[PDB]
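Starting off, we have a lone chain in the form deposited in one PDB entry, written out as structure tokens.
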């Protein structure tokens, strides 16, 4: 079993590097963030441009959807996060507290909390309703590259250029696990698997690893791509075959068989680093996006 991802749509409109793309949980929309300071919304199935959401004073590094698909949160170089009502375009809250670039963000499944990571080396947990910072975690000793909640929101995983992945108890703020791998290369991305049992981590030595995070055992290693500089997103694809998907600094999207670790497809089309990929929640659809020399977003579809 290999997939047959093929290019269907190219989405042009951002005027600087794209930073992040994410599908809405309801499957209807794709949200994109950029160094051009904008968020754009696009149809998930047809790539049709929907609207621009503006307000940040500097470039945006990440964007994330609430579980009901009504809200977005964005993370900016302006040291803030913003919560947006997507339909109205309204900025509902500006989350203030970080003392340097906010790099990454996510809602919990309940979507009453937001987690953020920053160049200030901290992770913050925020109340969606009030915009108040509830906890500041002294998480890392270098910039925080990614933050993600597990399936029931009881855990947060964080990654950092300090070379560590840490697991945090959402309720207490306590550090529960530090994952250590030899030579401590910068960790440029991390997230939980959809079931919550594993985490997938990227390091800046051209390597992705699937970890059992309780046992601290590395179960799989994925290689063949290029990643030595940029914080590139990676994914589990679960709508068809069970794949791992990532961008790459050679301008390709890589797809691996999760079990065997073989590369099953490489998607050609982008003309600069593929910084971000996302997998549609119900259909075999991948979105990908590229840095400044390209600036486009691509939608790819497979029969499996």
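Numbering follows the first chain given and starts at 1.
This next part talks about the form solved in complex with a small molecule, which is not shown.
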- Task: Consider residue 51 of the chain shown here, and say whether it contacts the small molecule in the entry with it bound, taking contact as heavy atoms within 4.5 Å.
- Result: no
- Query: Hey, in the entry with it bound, is residue 112 touching the small molecule, heavy atoms inside 4.5 Å?
  - Reply: no
- Query: Is there a non-hydrogen atom of residue 237 within 4.5 angstroms of a non-hydrogen atom of the small molecule in the entry with it bound?
  - Reply: yes
- Indicate whether residue 137 is a 4.5 Å heavy atom neighbour of the small molecule in the entry with it bound. no
- Query: Among 219, 180, 176, 171, which has any heavy atom within 4.5 Å of the small molecule in the entry with it bound?
  - Reply: 219
- Looking at 195, 94, 154, 214, which has any heavy atom no more than 4.5 Å from the small molecule in the entry with it bound? 195
- Message: Does the small molecule, in the entry with it bound, lie within 4.5 angstroms of each residue among 31, 72 and 84, using heavy atoms as the measure?
- Response: no
- Query: Any idea which of 255-263, 23-31, 40-48, 64-72 reaches within 4.5 Å of the small molecule in the entry with it bound, heavy atoms considered?
  - Reply: 255-263
